[PDB]
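Just so it is clear, none of the values below were taken in a lab; they were calculated from the coordinates. Because the Cβ atoms are built from the backbone with ideal geometry, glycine has one as well, and the counts that use them run over all protein chains shown.
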Ligand SMILES: *C(=O)[C@@H](NC(=O)/C(=N\OC)c1ccco1)[C@@H]1NC(C(=O)O)=C(COC(N)=O)CS1
């Protein structure tokens, strides 16, 4: 029984854990706290890039964006390296997904445009995909329970499913998004750690205060059967400085993989 295993992990890591895997041909949906709200953290950057791709011709990826000192307000491993030259939209998408770059995400939000520095248009994009649940309210750089900047494992899984496996994006734009997630550098110790090496994993991570650790993935079996895996967690019991625990997500993913293999 998965629910007992998930509950066991919650006690181990003094955590709240949310899990959703959408149903397939032969597997029922896996769900644990799947309709509870958890902070997006950086996981919004995957649908954000989808929004930017959708909104523009593909050659918009070549548009150079300039930025300066006061735009670097959050963890931005790539954008800090290129502040003196600027970065193209394509480079920003790359950084936002593969390095979870905060500045890159803010600039992409600004590119999408509109009220709240792009957060309203980003939320509008999710609504267009039938997601009435998620909301983005602020930029990089939220107390536990607060509904601002939250999604649910259920909602974000269905969004990722449409983006990667469905037809939310035309194939050419879909492949750009899928490739960036495939080449992600931040996810080795999360969902990836729970699935055997002969399963393909693409993902976008999220990490925050109050022990927040997320990962959203699409995985493929050795025979090419895809599954969407959304795992979210926080550790409110440790306060603001509670350490995020990647191992919680690795273990949750291992339990899921055991059911799907
Ligand atoms: C997105 O989740 C974002 N994280 C942050 O910007 C955080 N603090 O600013 C409010 C934060 C808190 C703890 C760590 O960062 C970026 N994303 C990610 C990510 O995992 O996607 C990280 C991850 O660090 C890892 N791998 O442990 C930090 S920056």
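Structure notes:
- Alpha-carbon centroid distance for the pair segment 1-18 / segment 210-261, whole angstrom: 11
- Taking each residue as 0.36 nm, the span from residue 88 to residue 60 lengthens on full extension beyond its C-alpha to C-alpha distance by 9.2 nm.
- Packing order of peptides 59-67, 205-213, highest average first: 205-213, 59-67 (average count of other Cβ atoms within 10 Å over each peptide's residues).
- Hydrodynamic analysis of segment 103-261 uses the Kirkwood radius over alpha carbon pairs. Inserted into Stokes-Einstein at 25 °C and 0.890 mPa s, it gives a translational diffusion coefficient of 148 µm²/s.
- Computed FRET value (nearest 0.05) for residue 127 with residue 27, which takes r as the C-beta separation and R₀ as 41 Å: 0.90
- One equal scatterer on each Cα of segment 1-116, no solvent, Debye formula: the resulting log10 I(q)/I(0) at q = 0.10, 0.20, 0.21 Å⁻¹ is -0.45, -0.99, -1.05.
- Cα gyration tensor, segment 84-175 - rounded (a/c under 1.5), prolate or oblate: oblate
- Calculated FRET efficiency for the pair residue 7/residue 198, C-beta based, R₀ 22 Å, to 0.05: 0.15
- Between residue 36 and residue 188, the FRET efficiency estimated from the beta carbon spacing at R0 = 30 angstrom works out to 0.65.
- Just so you know, the averaged projected area of the alpha carbon convex hull for segment 1-67 sits at 8.3 nm².
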